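Each remark here refers to the structure printed beneath this line.
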Amino acid sequence: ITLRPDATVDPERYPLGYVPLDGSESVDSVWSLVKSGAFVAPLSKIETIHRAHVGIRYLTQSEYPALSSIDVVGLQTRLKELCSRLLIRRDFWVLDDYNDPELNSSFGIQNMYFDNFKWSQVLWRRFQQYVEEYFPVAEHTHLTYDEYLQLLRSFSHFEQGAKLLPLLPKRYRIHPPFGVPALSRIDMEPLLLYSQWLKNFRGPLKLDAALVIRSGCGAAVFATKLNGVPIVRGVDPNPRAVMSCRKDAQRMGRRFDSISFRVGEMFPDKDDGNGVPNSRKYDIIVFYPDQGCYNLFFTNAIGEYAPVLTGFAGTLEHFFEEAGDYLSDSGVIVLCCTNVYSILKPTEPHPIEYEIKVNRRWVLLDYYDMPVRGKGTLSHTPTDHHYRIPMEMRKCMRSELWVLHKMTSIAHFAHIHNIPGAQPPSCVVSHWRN
Amino acid sequence: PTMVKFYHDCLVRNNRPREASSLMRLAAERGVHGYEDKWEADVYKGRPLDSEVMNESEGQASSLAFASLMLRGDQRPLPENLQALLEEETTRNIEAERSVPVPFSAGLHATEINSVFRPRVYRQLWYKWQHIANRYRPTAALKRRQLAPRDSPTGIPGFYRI
Amino acid sequence: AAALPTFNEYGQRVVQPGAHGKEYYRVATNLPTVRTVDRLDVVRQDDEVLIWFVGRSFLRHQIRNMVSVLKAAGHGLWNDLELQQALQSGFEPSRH
Amino acid sequence: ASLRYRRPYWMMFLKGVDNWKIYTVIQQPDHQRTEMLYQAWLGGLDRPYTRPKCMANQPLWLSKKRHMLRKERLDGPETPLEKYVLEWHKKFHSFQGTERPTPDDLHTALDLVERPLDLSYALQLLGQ
Amino acid sequence: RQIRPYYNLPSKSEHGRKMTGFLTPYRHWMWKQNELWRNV
Amino acid sequence: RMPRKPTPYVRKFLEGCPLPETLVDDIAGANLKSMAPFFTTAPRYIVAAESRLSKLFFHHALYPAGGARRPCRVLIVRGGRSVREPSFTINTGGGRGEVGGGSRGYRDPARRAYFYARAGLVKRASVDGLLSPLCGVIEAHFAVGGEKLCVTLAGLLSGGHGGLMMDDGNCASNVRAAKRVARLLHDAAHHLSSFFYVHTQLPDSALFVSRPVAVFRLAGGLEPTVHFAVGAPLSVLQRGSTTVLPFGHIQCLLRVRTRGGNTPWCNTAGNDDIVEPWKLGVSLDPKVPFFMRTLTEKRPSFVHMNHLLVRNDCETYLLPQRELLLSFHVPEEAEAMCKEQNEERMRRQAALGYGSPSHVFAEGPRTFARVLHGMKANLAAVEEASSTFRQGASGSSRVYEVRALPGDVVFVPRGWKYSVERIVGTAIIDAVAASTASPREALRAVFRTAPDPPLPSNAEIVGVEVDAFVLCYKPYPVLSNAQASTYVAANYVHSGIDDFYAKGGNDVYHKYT
RNA sequence: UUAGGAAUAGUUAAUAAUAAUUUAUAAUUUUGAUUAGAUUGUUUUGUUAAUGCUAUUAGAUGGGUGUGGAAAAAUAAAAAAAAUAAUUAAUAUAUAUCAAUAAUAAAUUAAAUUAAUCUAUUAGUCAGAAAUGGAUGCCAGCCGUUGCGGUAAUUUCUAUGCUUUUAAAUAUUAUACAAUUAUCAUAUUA
Ligand SMILES: [Mg+2]
């Protein structure tokens, strides 16, 4: 970001638009500067802005504690405002503790990911060219330190791999380039419940052609090939995530061959009537949506001639409408949520139960839930700050799993609803008739 | 900055704190790198030079013999016969403490202990103009088994040998 | 960045010929794909939007691809990063 | 819970110092300059001096000199009683003194009382 | 391990431990009883 | 050694950056190694960790290593409130011994989180749960004619003043304590419903006697204490033959309502019918779309009384019971002392003519004078950023607004003025609509955590709320020139603190006689 | 122990010599030294008909403090540590539950560790036919930055079955048939 010093706080004492640090003042003195709207960039070392980054995020959570659902939305709004003021310069190689070619010592999170001899000799130059693609030295004179930390983690995903444990058996690694959200330990368990569900329900349900929506890093696509689904196809609106996922499928051996990745907004194209792509009907459609704190709260209706919902409820109603055009008969949809839509927004009604009871387009075939076992960030957008889930929110979250089928396909799944220990609705018992 | 590191340790070893405090005061004012944070107050501000006292002692006469004596301001001298007997007490007490050897020093100051010097060429480096007397870098800069794997030779024949 | 010198898994220094100077200081395209669009307006009329393209010359399916990019941007799918990366991706001489 | 193996052996049974972590790193040249500049800050020395390696407090010869060189808080005594208080402190308040006062010496301090300020000096000698 | 009961002599000191090892004569007597039962 | 699996490749040696221990020592206030010059008046925030803040570290927090003369800072400690149980001796058992003395601090926190899974009603905790019956037995003492309640309020003012600064000449304390309440009731007569804040001693209903010689205990069974509080608590003489008050150091910050003539609620508001001025170029999406701001209650309209709570005879420890906003007005002596100390250190240490550059952090050889000028300029920028300038009567001083939560400890020095406001909730302001108009029209989501205010010459006392507990301590000593010149913090890393606060200051000849 | 083999030294012995002002034709090394490289060792591993080949993770640590019997001392799920704390049993740890922080990394590889009824058990099998599953373009339109078309391009690699298993490397030569390409090398004489 290139600063405009005329709109800053003190353009007379600080004509550059920011307040340099020099590594002498306390953390709460920097935190008082950031809360008033002053930009902060280091003068000499990266350690001064790294110490100001960790302490301000810790001081902000003490002033705004996460006591309920409305306190996490305010804390995420406050932390996004303050961490944008903590800048670092674009030419970070002129700082002191970037690399030392003689002592092989450096400060930063690159020492967690790379070797000392490998960084200070050859990898400081490769990272210098890695930032130039996404943030050129011409257009940007300063970088947000959250973007500098994400560039160091994405350079690790470019250099070496990123294991998806315990989803992938210790040797299959993905390479998300930049701007592609990877999965943490909390983001893995809705896919860990799905992988155990797909291990047992493949063959009783005869699932062959799987369709994965909003793949991101491709973790939901690679988890289906491990359970035995032969034909998987992924749809991702990010074009750079599509090129990286199909390159990782070549790198991950010869058991990922029928995997396909296309660019689409939510679903495939379905535009040509002469080429007829409608013969490719999927029997299982998977959706693993992302749930951010800003997106879960501001769900409301917009549009006059095309009235549509926004946020997490609007993403679900896009999935709940156009899934019938791509599903075969006797086919199911699989939704992987994480119960934060009901925790961070408890006043609004349940969005998944609003489709089943009111719209009456889908029938609840099965439902599972499992409590959260680990800790970490949840649905982390890459160039923003990290926020780990507190303990009182972690103990009530649950990794959900929703299996729905068509309202027209009641007569095929009618004997599934007749078994003991199942919950048939009142509409599928009237269609069975002994 | 290498000259200030050596010259400070020489004045400390040779029992000169006025010359060492003035060296830290000079390097902080000139902007020498590594010494902009170390700045000492001049506790010898009112005291004259050490050579000027020895010149005055060879040639007010009550203050001439006690010009070398340093006072806090809230201190007063003794009578001239009593203070001169007290100055010989501190003379024989200082040499009594400095004549006792430290038992595990090999007759060396603490500056001399673990102060082996070879130039920068001894540890994987070559000529640079700004490194005048550059101490060779420690062995923790280059670890073995991170440059070459096990049972494979590394191109550092005389690195770890001091 | 990948063609710059790096130590491999065996520790020996390897260097690709891309970061040499002939391939390093290489211009992006060779074909005249640099075109001018003088005006590009998205006007919200009643019940519809109108995307006006005013330009002297256009490429094959350029307008129909820019309309799809603007439609995906209207749903909120791209950012400042992805549009610039797509513009820096350039021409792709491959159908699949 | 002993400091036998945490500090040097000459600091055995050592209490009442300002900070005993100072005297474990004196021999470093950045702290050795700080020790010699502190002796010049305390006065009483004509040459640069460092305290011994196995001593935390000041030596007995040096702390006796700075106690003798210290100017008294009462300067310019007007009354002969106030001259006797300065003789009381040179005799019964010297550094590491051994001799105790005498009740006849208290009678001498009580016989020189002229002004009411002299009674406060005399009764404080009665309390000692 | 030497037991420190609550009814021992308290050391009202902010520079160390809050309870000493000085017993009560009842504690001395019952410790002697336990000593004999271990002596057998 | 450790068993390591052999690999035919090279080994990775990580030097990965951990959480810095100096960072958590500076945040927790337990550093004891930071030499910081240029004493300022900006407040210090300290997050209280588990067993990391005691009297030893709080003494260095009051008097830093740079040679300070007076604790001229407001110290906010997040989550530093302690709760003490009454102690008693056991008559039964093997002998006589006293138990029961324990601190509930740092382990039982205020405002437990309410997360649950199923205009809009949310579940929260706004009041401190441990001291809630102790505030209840104080609030019920003022519950009800009106003149008896007025003389009850006038009889319970701490020291006769209650924190209020009012000019009183040739007047006793018992008439002044009535004149202050009469001035408040004459000032609050025009508004239909207003409020004022006072300092109040503990009433007789909150203290009950226990037979064993004479033991006075609190009604709730819990005592609000600060375990890192240094010095001695304030001794208040009982008037009614002057004896000591049993809990005179524990006072209350009462909010009193006037009459003249755990369920927050959220609502999302909409509107019917240049964004980032700090950024040079234009962006397709704003980097920060929404702002979050603290919502405070309304102050009624305003000669006008001062309405500032000043404790000139004691050091104040505020333990808030609700979310409060404290506006601290700095006295002239603290800013004058900081100015003369900073200018003295600048003219002593920096004798260079500085070259007169354009700004402080300009290109050039960074000498000692340039480092000192840059640190002083950054200190002035911190003072200008975190404060505002208000008007007086003629007067103008720094005002620091501090968000105080339940469970915190706000150390206020003597002579510091402050006004108290109640925080009502939290709003969200989008950055797109706020660029064209005021942020009142740019409100998107508003959470109201305080649904309080009801709507059913002189003024009538309606009700009394306890917003904070005021722990009054004896005034900490101000060092002289010779005491501050010889004050070394390294002599106080273990002991000498109770002698520092019992005796006046420190010894001038401490540890170099 | 080194595919291309040469010098080494706070040095050897004597000694009325702790703490060597002396004496000597001194000491190591072509029977392979010193230095440089690799480097904990170890009938514990694997294989075989094999006295063959191939692996290893017990450990130690002349300047941090002359304290202590001994430096091994800046961190280890027990080795219970001076009153029987507890000694019935199983988990013996998570739960020493919050907190800046990232799986980069470190290990590991099933076969009950209490009882309160009630589910356990890959596939409508694929002899080879299928796969919007990979790789992959070319062309002049009378011919200017108009960006129409052939054209919904054709070929090439494939999983799977089929732990009866198929492709890649190594073991088991403890022997290498001759004549040649090249180096470590005794001239056969009454
Ligand atoms: Mg001889």
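Quick note on naming: the chains in the structure tokens go A, B, ... in the order shown, residues restart at 1 in each chain, and ligands are numbered from 1 in order of appearance.
If one restricts the calculation to only C-alpha atoms (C1' of nucleotides) and all ligand atoms, the set of residues situated within 7 Å of ligand 1 consists of residues 15, 22 and 23 of chain G.
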(request) Give the strand (DSSP E) residues of chain C, as assigned by DSSP on the backbone, as JSON, numbers by chain. (result) {"C": [6, 7, 13, 14, 39, 40, 41, 42, 43, 44, 45, 48, 49, 50, 51, 52, 53, 54]}
How about saving the chosen residues, N, CA, C and O atoms kept, as an mmCIF file, in the first residue's frame?
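Result saved to part-v3.cif:
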data_model
loop_
_atom_site.group_PDB
_atom_site.id
_atom_site.type_symbol
_atom_site.label_atom_id
_atom_site.label_comp_id
_atom_site.auth_asym_id
_atom_site.auth_seq_id
_atom_site.Cartn_x
_atom_site.Cartn_y
_atom_site.Cartn_z
ATOM 1 N N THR C 6 19.713 -22.588 -6.170
ATOM 2 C CA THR C 6 19.211 -23.178 -4.938
ATOM 3 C C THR C 6 19.982 -24.462 -4.679
ATOM 4 O O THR C 6 20.397 -25.148 -5.615
ATOM 5 N N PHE C 7 20.183 -24.780 -3.404
ATOM 6 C CA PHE C 7 20.719 -26.080 -3.037
ATOM 7 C C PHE C 7 19.601 -27.113 -3.042
ATOM 8 O O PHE C 7 18.499 -26.858 -2.548
ATOM 9 N N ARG C 13 24.808 -27.287 -5.159
ATOM 10 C CA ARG C 13 24.180 -26.095 -5.711
ATOM 11 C C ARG C 13 23.828 -26.323 -7.176
ATOM 12 O O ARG C 13 24.704 -26.625 -7.992
ATOM 13 N N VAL C 14 22.547 -26.180 -7.506
ATOM 14 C CA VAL C 14 22.080 -26.292 -8.881
ATOM 15 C C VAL C 14 21.537 -24.941 -9.321
ATOM 16 O O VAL C 14 21.113 -24.118 -8.503
ATOM 17 N N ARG C 39 -13.448 2.935 -23.995
ATOM 18 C CA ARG C 39 -14.497 3.134 -23.005
ATOM 19 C C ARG C 39 -15.100 1.797 -22.612
ATOM 20 O O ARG C 39 -15.372 0.957 -23.471
ATOM 21 N N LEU C 40 -15.316 1.608 -21.314
ATOM 22 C CA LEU C 40 -15.923 0.386 -20.792
ATOM 23 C C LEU C 40 -16.838 0.801 -19.646
ATOM 24 O O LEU C 40 -16.369 1.103 -18.546
ATOM 25 N N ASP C 41 -18.138 0.822 -19.915
ATOM 26 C CA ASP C 41 -19.110 1.309 -18.941
ATOM 27 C C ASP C 41 -20.131 0.237 -18.597
ATOM 28 O O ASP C 41 -20.636 -0.458 -19.478
ATOM 29 N N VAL C 42 -20.436 0.111 -17.310
ATOM 30 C CA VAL C 42 -21.501 -0.762 -16.835
ATOM 31 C C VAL C 42 -22.631 0.129 -16.336
ATOM 32 O O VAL C 42 -22.529 0.730 -15.262
ATOM 33 N N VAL C 43 -23.711 0.218 -17.107
ATOM 34 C CA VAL C 43 -24.838 1.092 -16.803
ATOM 35 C C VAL C 43 -26.008 0.236 -16.341
ATOM 36 O O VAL C 43 -26.421 -0.692 -17.043
ATOM 37 N N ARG C 44 -26.544 0.549 -15.164
ATOM 38 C CA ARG C 44 -27.712 -0.147 -14.629
ATOM 39 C C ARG C 44 -28.959 0.526 -15.185
ATOM 40 O O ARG C 44 -29.338 1.614 -14.746
ATOM 41 N N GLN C 45 -29.595 -0.108 -16.167
ATOM 42 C CA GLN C 45 -30.862 0.385 -16.676
ATOM 43 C C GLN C 45 -31.971 -0.225 -15.820
ATOM 44 O O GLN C 45 -31.709 -0.889 -14.813
ATOM 45 N N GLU C 48 -32.082 -4.421 -15.951
ATOM 46 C CA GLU C 48 -30.952 -5.008 -16.661
ATOM 47 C C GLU C 48 -29.714 -4.144 -16.470
ATOM 48 O O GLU C 48 -29.783 -3.008 -15.992
ATOM 49 N N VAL C 49 -28.571 -4.703 -16.857
ATOM 50 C CA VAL C 49 -27.333 -3.944 -16.957
ATOM 51 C C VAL C 49 -26.862 -3.989 -18.405
ATOM 52 O O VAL C 49 -27.180 -4.912 -19.162
ATOM 53 N N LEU C 50 -26.124 -2.953 -18.792
ATOM 54 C CA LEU C 50 -25.595 -2.815 -20.141
ATOM 55 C C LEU C 50 -24.106 -2.542 -20.029
ATOM 56 O O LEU C 50 -23.701 -1.557 -19.404
ATOM 57 N N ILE C 51 -23.297 -3.412 -20.615
ATOM 58 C CA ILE C 51 -21.855 -3.230 -20.650
ATOM 59 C C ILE C 51 -21.499 -2.721 -22.040
ATOM 60 O O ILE C 51 -21.665 -3.432 -23.036
ATOM 61 N N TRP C 52 -21.042 -1.477 -22.102
ATOM 62 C CA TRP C 52 -20.641 -0.831 -23.341
ATOM 63 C C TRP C 52 -19.133 -0.938 -23.495
ATOM 64 O O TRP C 52 -18.386 -0.543 -22.589
ATOM 65 N N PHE C 53 -18.703 -1.471 -24.643
ATOM 66 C CA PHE C 53 -17.306 -1.590 -25.053
ATOM 67 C C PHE C 53 -17.103 -0.680 -26.258
ATOM 68 O O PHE C 53 -17.647 -0.949 -27.334
ATOM 69 N N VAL C 54 -16.318 0.378 -26.102
ATOM 70 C CA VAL C 54 -15.978 1.267 -27.205
ATOM 71 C C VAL C 54 -14.482 1.140 -27.434
ATOM 72 O O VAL C 54 -13.678 1.564 -26.592
#
For range 65-68 of chain C, list every protein, DNA or RNA residue within 12 Å, evaluated using only C-alpha atoms (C1' of nucleotides), and leave out those in the same chain fewer than 2 positions away; present the list as a tab-separated table (two decimals) with N, CA, C and O atoms, in the first residue's frame.
chain	number	residue	atom	x	y	z
A	237	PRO	N	-13.83	-20.95	-8.30
A	237	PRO	CA	-13.82	-19.65	-8.98
A	237	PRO	C	-12.45	-18.99	-9.04
A	237	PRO	O	-12.28	-18.04	-9.81
A	263	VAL	N	-12.91	-23.88	-13.82
A	263	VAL	CA	-13.23	-22.58	-13.24
A	263	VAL	C	-14.72	-22.33	-13.41
A	263	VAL	O	-15.23	-22.27	-14.54
A	264	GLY	N	-15.42	-22.20	-12.29
A	264	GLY	CA	-16.82	-21.84	-12.30
A	264	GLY	C	-17.16	-21.15	-11.00
A	264	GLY	O	-16.48	-21.33	-9.99
A	265	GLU	N	-18.23	-20.35	-11.04
A	265	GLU	CA	-18.61	-19.53	-9.89
A	265	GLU	C	-19.07	-20.40	-8.73
A	265	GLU	O	-18.45	-20.42	-7.66
A	269	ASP	N	-20.83	-24.91	-16.21
A	269	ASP	CA	-21.38	-23.92	-17.13
A	269	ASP	C	-22.85	-24.18	-17.45
A	269	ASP	O	-23.71	-23.34	-17.15
C	37	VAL	N	-9.03	-0.44	-25.23
C	37	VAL	CA	-10.46	-0.25	-25.02
C	37	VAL	C	-10.62	1.18	-24.53
C	37	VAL	O	-10.21	1.51	-23.41
C	40	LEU	N	-15.32	1.61	-21.31
C	40	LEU	CA	-15.92	0.39	-20.79
C	40	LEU	C	-16.84	0.80	-19.65
C	40	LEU	O	-16.37	1.10	-18.55
C	41	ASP	N	-18.14	0.82	-19.91
C	41	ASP	CA	-19.11	1.31	-18.94
C	41	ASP	C	-20.13	0.24	-18.60
C	41	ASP	O	-20.64	-0.46	-19.48
C	42	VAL	N	-20.44	0.11	-17.31
C	42	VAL	CA	-21.50	-0.76	-16.83
C	42	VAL	C	-22.63	0.13	-16.34
C	42	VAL	O	-22.53	0.73	-15.26
C	49	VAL	N	-28.57	-4.70	-16.86
C	49	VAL	CA	-27.33	-3.94	-16.96
C	49	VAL	C	-26.86	-3.99	-18.40
C	49	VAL	O	-27.18	-4.91	-19.16
C	50	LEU	N	-26.12	-2.95	-18.79
C	50	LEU	CA	-25.60	-2.81	-20.14
C	50	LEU	C	-24.11	-2.54	-20.03
C	50	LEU	O	-23.70	-1.56	-19.40
C	51	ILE	N	-23.30	-3.41	-20.61
C	51	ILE	CA	-21.85	-3.23	-20.65
C	51	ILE	C	-21.50	-2.72	-22.04
C	51	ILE	O	-21.67	-3.43	-23.04
C	52	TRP	N	-21.04	-1.48	-22.10
C	52	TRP	CA	-20.64	-0.83	-23.34
C	52	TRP	C	-19.13	-0.94	-23.49
C	52	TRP	O	-18.39	-0.54	-22.59
C	53	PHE	N	-18.70	-1.47	-24.64
C	53	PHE	CA	-17.31	-1.59	-25.05
C	53	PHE	C	-17.10	-0.68	-26.26
C	53	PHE	O	-17.65	-0.95	-27.33
C	58	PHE	N	-10.67	-5.43	-31.36
C	58	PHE	CA	-10.83	-6.40	-30.29
C	58	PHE	C	-10.28	-7.74	-30.74
C	58	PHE	O	-10.12	-8.01	-31.93
C	59	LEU	N	-10.00	-8.60	-29.76
C	59	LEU	CA	-9.47	-9.93	-30.04
C	59	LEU	C	-10.63	-10.93	-30.13
C	59	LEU	O	-11.80	-10.57	-30.01
C	60	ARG	N	-10.29	-12.19	-30.36
C	60	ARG	CA	-11.30	-13.24	-30.49
C	60	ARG	C	-11.87	-13.58	-29.12
C	60	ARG	O	-11.13	-13.95	-28.21
C	61	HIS	N	-13.20	-13.43	-29.00
C	61	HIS	CA	-13.96	-13.65	-27.76
C	61	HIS	C	-13.45	-12.80	-26.60
C	61	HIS	O	-13.52	-13.22	-25.44
C	62	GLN	N	-12.94	-11.61	-26.89
C	62	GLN	CA	-12.44	-10.74	-25.83
C	62	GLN	C	-13.58	-10.11	-25.06
C	62	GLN	O	-13.56	-10.09	-23.82
C	63	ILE	N	-14.59	-9.61	-25.77
C	63	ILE	CA	-15.74	-8.97	-25.13
C	63	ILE	C	-16.55	-10.00	-24.35
C	63	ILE	O	-16.99	-9.73	-23.22
C	70	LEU	N	-16.65	-9.64	-15.62
C	70	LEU	CA	-17.44	-8.63	-14.92
C	70	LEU	C	-18.65	-9.23	-14.21
C	70	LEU	O	-19.06	-8.74	-13.15
C	71	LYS	N	-19.23	-10.30	-14.77
C	71	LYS	CA	-20.34	-10.98	-14.10
C	71	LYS	C	-19.87	-11.70	-12.85
C	71	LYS	O	-20.55	-11.67	-11.82
C	72	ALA	N	-18.70	-12.34	-12.92
C	72	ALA	CA	-18.12	-12.96	-11.73
C	72	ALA	C	-17.71	-11.93	-10.69
C	72	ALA	O	-17.76	-12.20	-9.49
C	73	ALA	N	-17.29	-10.74	-11.14
C	73	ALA	CA	-16.98	-9.66	-10.20
C	73	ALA	C	-18.23	-9.06	-9.59
C	73	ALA	O	-18.18	-8.54	-8.47
C	74	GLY	N	-19.36	-9.12	-10.30
C	74	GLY	CA	-20.60	-8.62	-9.75
C	74	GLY	C	-21.16	-9.48	-8.64
C	74	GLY	O	-21.89	-8.99	-7.77
C	75	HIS	N	-20.82	-10.77	-8.64
C	75	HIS	CA	-21.18	-11.66	-7.54
C	75	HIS	C	-20.20	-11.60	-6.38
C	75	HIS	O	-20.46	-12.21	-5.34
C	77	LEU	N	-16.45	-12.28	-6.40
C	77	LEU	CA	-15.59	-13.45	-6.42
C	77	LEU	C	-14.11	-13.14	-6.58
C	77	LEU	O	-13.28	-13.99	-6.26
C	83	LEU	N	-7.44	-10.11	-10.36
C	83	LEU	CA	-7.58	-9.42	-11.64
C	83	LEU	C	-6.22	-9.04	-12.22
C	83	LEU	O	-5.97	-9.23	-13.42
C	86	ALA	N	-4.52	-12.24	-13.41
C	86	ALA	CA	-5.08	-12.69	-14.68
C	86	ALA	C	-4.61	-11.82	-15.83
C	86	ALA	O	-4.38	-12.31	-16.94
C	87	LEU	N	-4.47	-10.51	-15.59
C	87	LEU	CA	-3.95	-9.63	-16.63
C	87	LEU	C	-2.46	-9.88	-16.90
C	87	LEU	O	-2.01	-9.74	-18.03
Report as JSON lines the residues of chain F within 10 Å of chain D, each with its shortest atom pair and distance in Å (one decimal), using only C-alpha atoms, ordered by chain and increasing residue number.
{"residue": "F:488", "atom": "CA", "partner": "D:18", "partner_atom": "CA", "distance": 9.4}
{"residue": "F:489", "atom": "CA", "partner": "D:18", "partner_atom": "CA", "distance": 9.9}
{"residue": "F:490", "atom": "CA", "partner": "D:19", "partner_atom": "CA", "distance": 6.5}
{"residue": "F:491", "atom": "CA", "partner": "D:18", "partner_atom": "CA", "distance": 4.8}
{"residue": "F:492", "atom": "CA", "partner": "D:18", "partner_atom": "CA", "distance": 7.9}
{"residue": "F:493", "atom": "CA", "partner": "D:19", "partner_atom": "CA", "distance": 7.9}
{"residue": "F:494", "atom": "CA", "partner": "D:19", "partner_atom": "CA", "distance": 8.3}
{"residue": "F:495", "atom": "CA", "partner": "D:18", "partner_atom": "CA", "distance": 9.1}
{"residue": "F:496", "atom": "CA", "partner": "D:18", "partner_atom": "CA", "distance": 9.6}
{"residue": "F:510", "atom": "CA", "partner": "D:18", "partner_atom": "CA", "distance": 8.8}
{"residue": "F:511", "atom": "CA", "partner": "D:18", "partner_atom": "CA", "distance": 6.2}
{"residue": "F:512", "atom": "CA", "partner": "D:42", "partner_atom": "CA", "distance": 7.9}
{"residue": "F:513", "atom": "CA", "partner": "D:67", "partner_atom": "CA", "distance": 7.2}
(message) With distances taken over only C-alpha atoms, which residue among F:281, F:233, F:504, F:392 lies nearest residue 305 in chain F?
(response) F:392
Could you pull the residues within 8 Å of residue 27 in chain A, counting only C-alpha atoms (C1' of nucleotides), minus those fewer than 2 positions along the same chain, as a tab-separated table (two decimals) with C-alpha atoms, in the first residue's frame?
chain	number	residue	atom	x	y	z
A	25	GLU	CA	9.23	2.45	23.01
A	29	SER	CA	2.78	3.10	23.36
A	30	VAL	CA	2.65	1.73	19.81
A	31	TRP	CA	-0.85	0.37	20.51
A	51	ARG	CA	7.10	-7.40	18.48
A	52	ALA	CA	4.57	-4.65	17.77
A	55	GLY	CA	1.56	-7.43	21.35
A	56	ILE	CA	-1.11	-5.25	19.72
F	26	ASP	CA	6.75	-5.94	29.26
F	27	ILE	CA	3.07	-6.79	28.76
Chain B near chain C within 10 Å: what's each residue's closest atom pair and its distance in Å to one decimal, counting only C-alpha atoms, ordered by chain then ascending residue number, as a tab-separated table?
residue	atom	partner	partner_atom	distance
B:145	CA	C:11	CA	9.1
B:146	CA	C:11	CA	7.4
B:147	CA	C:11	CA	5.4
B:148	CA	C:11	CA	5.1
B:149	CA	C:10	CA	6.5
B:150	CA	C:10	CA	9.9
B:152	CA	C:10	CA	9.6
B:154	CA	C:11	CA	9.6
Kindly export the residues of the current selection with N, CA, C and O atoms, as a short mmCIF file (atom, residue, chain, number, x, y, z; two decimals), in the first residue's frame.
data_model
loop_
_atom_site.label_atom_id
_atom_site.label_comp_id
_atom_site.auth_asym_id
_atom_site.auth_seq_id
_atom_site.Cartn_x
_atom_site.Cartn_y
_atom_site.Cartn_z
N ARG B 145 26.45 -31.45 8.20
CA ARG B 145 25.23 -32.21 7.88
C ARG B 145 24.04 -31.32 7.52
O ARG B 145 22.91 -31.82 7.44
N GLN B 146 24.26 -30.02 7.31
CA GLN B 146 23.29 -29.18 6.61
C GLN B 146 23.83 -28.67 5.28
O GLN B 146 23.05 -28.14 4.48
N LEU B 147 25.13 -28.82 5.03
CA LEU B 147 25.73 -28.49 3.75
C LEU B 147 25.90 -29.70 2.85
O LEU B 147 25.87 -29.55 1.62
N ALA B 148 26.08 -30.89 3.42
CA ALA B 148 26.25 -32.13 2.70
C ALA B 148 25.71 -33.25 3.57
O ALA B 148 25.85 -33.18 4.80
N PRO B 149 25.10 -34.29 2.99
CA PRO B 149 24.51 -35.36 3.82
C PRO B 149 25.54 -36.27 4.47
O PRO B 149 26.75 -36.03 4.38
N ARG B 150 25.05 -37.31 5.14
CA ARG B 150 25.93 -38.22 5.87
C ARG B 150 26.78 -39.04 4.92
O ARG B 150 26.35 -39.38 3.81
N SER B 152 29.28 -38.07 3.22
CA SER B 152 29.60 -37.29 2.03
C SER B 152 30.48 -36.11 2.43
O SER B 152 30.23 -35.47 3.45
N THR B 154 32.32 -32.47 2.74
CA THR B 154 31.98 -31.06 2.68
C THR B 154 33.23 -30.27 2.32
O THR B 154 34.34 -30.66 2.69
#
(message) I need the chain G residues near chain B as a PyMOL selection string; criterion: at most 10 Å, counting only C-alpha atoms (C1' of nucleotides).
(response) chain G and resi 36-39+63+66
(message) List as a list in words the protein and nucleic acid residues near residue 136 in chain B, meaning an atom at most 12 Å away when only C-alpha atoms (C1' of nucleotides) are counted, but skip any in the same chain fewer than 2 places from it.
(response) residues 102 and 103 of chain A; 115, 116, 117, 118, 119, 120, 121, 122, 123, 124, 125, 126, 131, 132, 133, 134, 138, 139, 140, 141, 158, 159, 160, 161 and 162 of chain B
(message) For residue 106 in chain G, find every residue with an atom within 12 Å (counting only C-alpha atoms (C1' of nucleotides)), except residues of its own chain fewer than 4 positions away, and show them as a VMD selection string.
(response) chain F and resid 2 to 5
